[PDB]
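Student: below is the sequence, then the experimental coordinates.
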Number of protein chains: 2
Amino acid sequence: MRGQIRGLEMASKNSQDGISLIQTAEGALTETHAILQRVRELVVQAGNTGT
Amino acid sequence: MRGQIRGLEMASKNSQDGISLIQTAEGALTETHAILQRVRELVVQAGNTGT
């Protein structure tokens, strides 16, 4: 039982680290996203403004 | 949705620029027009005044 409890607690640590990682990469993709929003503004604005 | 909203707003800008362009060229043709009115006055007045 102490085996399972200790290993499980350290597993909780492991999982929280995972939450950290995925949180970082996610916010990174959020920035990527907003940038690409600006990109579409620059593809509409680079519609040659028609010509 | 933010894609469509942003791109659409900048599209409104694009269209208003188009309104500007067409407004300019239109007023130019208006001047051309009135000039050609004077031209017909000068083709009637250059009817040789008959002779």
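Tutor: Yes, it's here. Numbers count the residues shown, from 1 in each chain, chains lettered A, B, ... in the order given.

Student: residue numbers of chain A in contact with chain B?
Tutor: Within chain A, the positions near chain B by C-beta under 8 Å from any C-beta of the partner chain are A:37, A:38, A:40, A:41, A:43, A:44, A:45, A:47, A:49, A:50. Just so you know, the C-beta spots here come from the backbone N, C-alpha and C atoms, and that holds for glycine as well.

Student: greatest separation within those residues: which pair is it?
Tutor: A:37 and A:50 (21.8 Å; C-beta to C-beta).

Student: who has more neighbours, those two?
Tutor: residue A:37 (15 against 9; other C-beta atoms under 10 Å in any protein chain shown).

Student: near the residue nearest to residue A:45 when sequence neighbours are not counted, how many other residues are there?
Tutor: Excluding the flanking residues, the one nearest residue A:45 by C-beta to C-beta, 6 or more residues apart in numbering or on different chains is residue B:10, at 5.1 Å. Neighbour count for residue B:10, taken as other C-beta under 10 Å: 19.

Student: correct me if wrong: residue B:10 contacts residue A:39.
Tutor: No. Judged on C-beta atoms under 8 Å, residue B:10 makes no contact with residue A:39 at a distance of 11.6 Å.

Student: does the most centrally placed residue in chain A sit in a helix or strand, and which one?
Tutor: Central residue of chain A (C-alpha atoms, centre = their mean): residue A:26, 0.6 Å from the mean position. Assigned by DSSP states H and E, residue A:26 falls within helix A:2-44.
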